[PDB]
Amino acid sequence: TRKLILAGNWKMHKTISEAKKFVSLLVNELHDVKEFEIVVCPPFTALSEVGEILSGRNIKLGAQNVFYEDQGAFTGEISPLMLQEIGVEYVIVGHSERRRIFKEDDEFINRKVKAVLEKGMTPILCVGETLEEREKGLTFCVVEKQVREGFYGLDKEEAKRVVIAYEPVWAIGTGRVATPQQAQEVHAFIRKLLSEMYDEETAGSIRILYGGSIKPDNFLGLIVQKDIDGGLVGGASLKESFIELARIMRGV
């Protein structure tokens, strides 16, 4: 908790032309932000161009993925350095799409968490169970494994910097949001677990946001819950609905 976050993950969606316009629209409508942070994550291609429009502004730059090496022969990948030089503050790691479609495993993910922290950036670690896992009663152990694997090797001080995002796979793009009751139950669990790995202090420092079918007509009720520190917006982050959400987010 302590400083909510409204993060938008555009995913594979905008052209440098569109980004420039859209970002500006946001920066105009939200130049005034009541401390709760607002992050926008455009694709690699449009990062530098968006960097400008944001430089010096309140809204912060976010990236969708990163490799764990400063440089090397890894054709197609982007290094932490390249993201830093552009002024990217947040980096999404472990997104369900990457885990599932691109077969990224926990170790791979864990090695990325550190790399993002090394260059003093904030990693957004994604966790979440699949419907099948939820039905077998593995919701918690699945989240627990991912979290433990994610933080493995981090000290109380680094762990404090990490951001967690619970995107229940059964609710990504399916339009089926988890009730605030279901969201909170897992968020709470993550918080308790977080403290058992460290201490009540770190656990309260780490921000855990909800992700998965975050629409304007359901965001209130999710941010209201005790342990949900904001959201990782998917679709809604592409339109102007990202403003109505940021608006609601100001209701606290």
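Just count from 1 along the sequence shown to find any residue number.
Relative to one another, 49-57 and 215-223 have unequal mean CA B-factors, and 49-57 is the one with the higher figure. Checked against the record, the higher mean CA B factor of 147-155 and 93-101 lies with 147-155. When the C-alpha B-factors of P180, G128, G137, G175 are ranked from the entry, the top spot goes to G175. Per the deposited coordinates, the residue with the largest Cα temperature factor out of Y198, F67, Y210, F189 is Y198. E18: CA B factor in the middle third of modelled residues in this chain (values from the PDB entry). Among the modelled residues of its chain, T75 has a C-alpha B-factor that falls in the lowest third according to the deposited record. Among the modelled residues of its chain, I243 has a C-alpha B-factor that falls in the highest third according to the deposited record. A115: CA B factor in the middle third of modelled residues in this chain (values from the PDB entry). The entry lists a Cα temperature factor for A165 that places it in the lowest third of the chain's modelled residues.
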